[PDB]
């Protein structure tokens, strides 16, 4: 066991899907995985392990923010033999052409966190996903008839930022989605020699706003999970 995961080596698959919302883990397990078994409950961060088309997959929420997801992803990698982490979540958009419910794949993640500067002697660490994982997700999306955008996310420490002007800067430099985890997950992946990818669906436009329905949201969430799961199978080849 580790400080935040009451489990033993072997309880997790070598691939873990991670939503921020812990309630989604059980949903994913019941909706997409066969023969799922409970493998963690510490702090209510429920974790499950089962199979998707015969392939062992685990799912466990990561909580909000870089510090939270950094804890879970580190423990998974160092103590549970996890090789790949796929964060599946939502993001806010700043680009006019990026629309609600679009699927965005973070090949890179900008951040205003200090965690990577702490790792990288106060220089600029480019927080990046594993390239094959990115391409697997793009290909899996295309096979499902979904076109996904690939580029930079911005991983914010403050959901409520006092710096209103930063959204304009994000937009100028082509940021596709704003969330709060990717750069931290990518940093941990590099630190401990594993691979990661963050996929998000656009839940908000920080410009236009203009909302959606619960059924549309569930459909889109399901699409994202299908993409993530099918992408793993392509990665296995």
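Residue numbers count along the first chain shown, from 1. For the two forms, the rigid core is made up of the largest set of C-alpha atoms that agree within 1.5 Å on superposition.
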query: 199-207 against 65-73 - segment lying farther from this form in 4 other deposited structures of this protein (CA RMS, rigid core fit); finding: 199-207
query: Stretch with greater C-alpha deviation in 4 other deposited structures of this protein, 95-103 versus 109-117 (rigid core superposition); finding: 95-103
query: 74-82 versus 140-148 - which carries the larger mean C-alpha B factor in the record; finding: 140-148
query: Stretch exceeding the other in mean C-alpha B-factor - 101-109, 158-166; finding: 158-166
query: Given 68, 203, 49, 198, the residue at which the Cα B factor reaches its maximum; finding: 203
query: Options 38, 210, 35, 179 - largest CA temperature factor per the record; finding: 210
query: Residue 25 by Cα B-factor - lowest, middle or highest third of the modelled chain; finding: highest
query: Record-listed C-alpha B factor of residue 184: chain third; finding: lowest
query: B-factor third for the C-alpha atom of residue 214 within its chain; finding: highest
query: Third of chain Cα B-factors occupied by residue 224; finding: middle
query: Among modelled residues of the same chain, the CA temperature factor third for residue 13; finding: middle
